[PDB]
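Q: I have a structure I would like to understand better, so I am pasting it below and will then ask my questions one at a time.
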Amino acid sequence: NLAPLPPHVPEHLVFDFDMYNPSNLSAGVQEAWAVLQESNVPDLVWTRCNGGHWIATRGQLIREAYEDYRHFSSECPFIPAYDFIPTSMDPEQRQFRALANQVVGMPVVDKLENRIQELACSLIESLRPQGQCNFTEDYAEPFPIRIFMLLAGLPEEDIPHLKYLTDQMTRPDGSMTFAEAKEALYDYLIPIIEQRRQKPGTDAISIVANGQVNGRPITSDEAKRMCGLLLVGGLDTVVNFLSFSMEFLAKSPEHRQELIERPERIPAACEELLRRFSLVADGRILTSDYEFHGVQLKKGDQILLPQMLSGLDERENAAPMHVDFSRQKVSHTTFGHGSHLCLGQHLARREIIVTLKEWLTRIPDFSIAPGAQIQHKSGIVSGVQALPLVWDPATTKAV
Ligand code: HEM
Numbered sequence: 010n011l012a013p014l015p016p017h018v019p020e021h022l023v024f025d026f027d028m029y030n031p032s033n034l035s036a037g038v039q040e041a042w043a044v045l046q047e048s049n050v051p052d053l054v055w056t057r058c059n060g061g062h063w064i065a066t067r068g069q070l071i072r073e074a075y076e077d078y079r080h081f082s083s084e085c086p087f088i089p095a096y097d098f099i100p101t102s103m104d106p107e108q109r110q111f112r113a114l115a116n117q118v119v120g121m122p123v124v125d126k127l128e129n130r131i132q133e134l135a136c137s138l139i140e141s142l143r144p145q146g147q148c149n150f151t152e153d154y155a156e157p158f159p160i161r162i163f164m165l166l167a168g169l170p171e172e173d174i175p176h177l178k179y180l181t182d183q184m185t186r187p188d189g190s191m192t193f194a195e196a197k198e199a200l201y202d203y204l205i206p207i208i209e210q211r212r213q214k215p216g217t218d219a220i221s222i223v224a225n226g227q228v229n230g231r232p233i234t235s236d237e238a239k240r241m242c243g244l245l246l247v248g249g250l251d252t253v254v255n256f257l258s259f260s261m262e263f264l265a266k267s268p269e270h271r272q273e274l275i276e277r278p279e280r281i282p283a284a285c286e287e288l289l290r291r292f293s294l295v296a297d298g299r300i301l302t303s304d305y306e307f308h309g310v311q312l313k314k315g316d317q318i319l320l321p322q323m324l325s326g327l328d329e330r331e332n333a334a335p336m337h338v339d340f341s342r343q344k345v346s347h348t349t350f351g352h353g354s355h356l357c358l359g360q361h362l363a364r365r366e367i368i369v370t371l372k373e374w375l376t377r378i379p380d381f382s383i384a385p386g387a388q389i390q391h392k393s394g395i396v397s398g399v400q401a402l403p404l405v406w407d408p409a410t411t412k413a414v
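Throughout the sequence shown, residue numbering follows PDB author numbering, covering 10 to 89, 95 to 104, 106 to 414 in sequence.
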């Protein structure tokens, strides 16, 4: 479905890329997006897919647009009932982020690290003697939701229902509309926020519920909308990213062996994997008519600014599809750039590093299940549909 081409858009800039179903997704999702960086493709193009929108294809422009919040607004960040905070905001933004940093900043992640390891260990040990798993379902999906319950001081018994609600927001089975799933999340959070307003702990919800905004107490509406984002922001991104990384390690024994031999390289490897298997593609909306790098943008045009593409740009990193854990400068915008830079980036890195450290020492040798062709999916958060892995349980190390 190709939306009618707006009069202000010149035909030479038209490239009908579909962010939800790119051509040759079969070759890998990053590769599918990287078509936008072929030499015949301009730095800024218009697609008639998905309502019609601009796409910045190079890291320079992606970074610039994210820095220029006055022209490129977050009021409409998705192509093509959402009310989470502080996503859709462009003074308030700063205070909400400051409050979120209080609950997921480095000192919190540092305190949580060993608990993250103990969770990783328990999951891996549960899988280890089987000699197979679907990594995405059996390790990746249960992990970040459990980390959120730790962060937010919520009981383990609440996981199935909360997981169901967040699953309906991104992959509905039809039982709930997005609005219904969101409201049920709020029905869950509201009593807890109220309770911890009056009797706080040191968990994330307690800290949020007692925050201040513009010199007055954070409202219940503001607090639930922040807690909601802290929950959903760290689920599909981590699930899918872990899956891309493990798929790669399964298919590249030489890279796997490098991390087995030199575990001290795992933090640097994490960063290089974040670049190579970057997965988010958000956008902005034009606040006014604006000429950007020789291209006339119109007030209200949407522009896709794919975080994924900056680090894949050969102008930012040489031989960008190659994975090299020793890169001296790993340039990427995997966690975003500018005023909405991911608040969960420190927690996410710790989850990744802990996962790789524990998997590589317990199950150092694993492969893709023979005959399986790994399928990717594309959209705002690109991903791995399933990741069937196999290993010999006699090569593994028991707890
Ligand atoms: C590999 C994992 C992750 C990736 C790649 C990722 C990526 C991103 C990106 C690109 C943005 C900016 C979106 C934009 O500018 O439009 C963002 C924002 C955000 N992230 Fe993450 N994220 C990850 C993990 C997490 C985790 C674990 C959490 C929570 C614990 C989290 C919470 C948030 C929140 C609350 C925002 C909104 C920030 C704002 O608007 O001020 N993320 N993330």
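Every residue, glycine too, gets a C-beta built ideally from N, C-alpha and C.
1) Please report the distance separating the alpha-carbon of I233 from that of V223.
2) On the three-state DSSP scale, how would you describe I395?
3) Figure out for me which residue from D27, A196, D202, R67 has the closest Cα to the Cα of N332.
4) Using DSSP bridges, identify the partner residues of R365.
5) The alpha helix (DSSP H) spanning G326 covers which residue range?
6) The beta strand (DSSP E) with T56 in it runs from where to where?
7) Just to check, is the beta-carbon of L294 closer than 7 Å to a non-hydrogen atom of the ligand HEM?
8) By how many angstroms is the C-alpha of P31 removed from the C-alpha of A43?
9) Would you please state the rounded distance, in angstroms, between the beta carbons of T349 and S293? I believe it to be under 8 Å.
10) Output the distance between the C-alpha atoms of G37 and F263, rounded to the nearest integer angstrom.
11) Indicate whether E373 and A135 have their beta-carbon atoms separated by less than 8 Å.
12) Should the segment 312-327 be called in touch with the segment 347-366, which here means at least 3 C-beta pairs below 8 Å?
13) Confirm the yes/no value for this check: CB of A363, any heavy atom of the ligand HEM, distance under 7 Å.
14) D182 lies in the alpha helix (DSSP H); which residues open and close that run?
15) Less than 6 Å between C-beta atoms, sequence neighbours within five positions excluded: which residues of the same chain meet that for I389?
16) I need the DSSP call for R79, collapsed to helix, strand or coil.
17) Quick one: what does DSSP say residue 105 is sitting in, helix, strand or coil?
18) Compute the minimum distance between the beta carbon of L127 and the heavy atoms of the ligand HEM, and state whether it is under 7 Å.
A: So, from the listed chains and residues:
1) 8 Å
2) coil
3) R67
4) Answer is none; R365 lacks a bridge partner.
5) 322-327
6) 53-56
7) yes
8) 10 Å
9) 4 Å
10) 11 Å
11) yes
12) yes
13) yes
14) 174-185
15) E262
16) coil
17) One cannot assign coordinates to residue 105, given that the chain in this structure leaps from 104 to 106.
18) no
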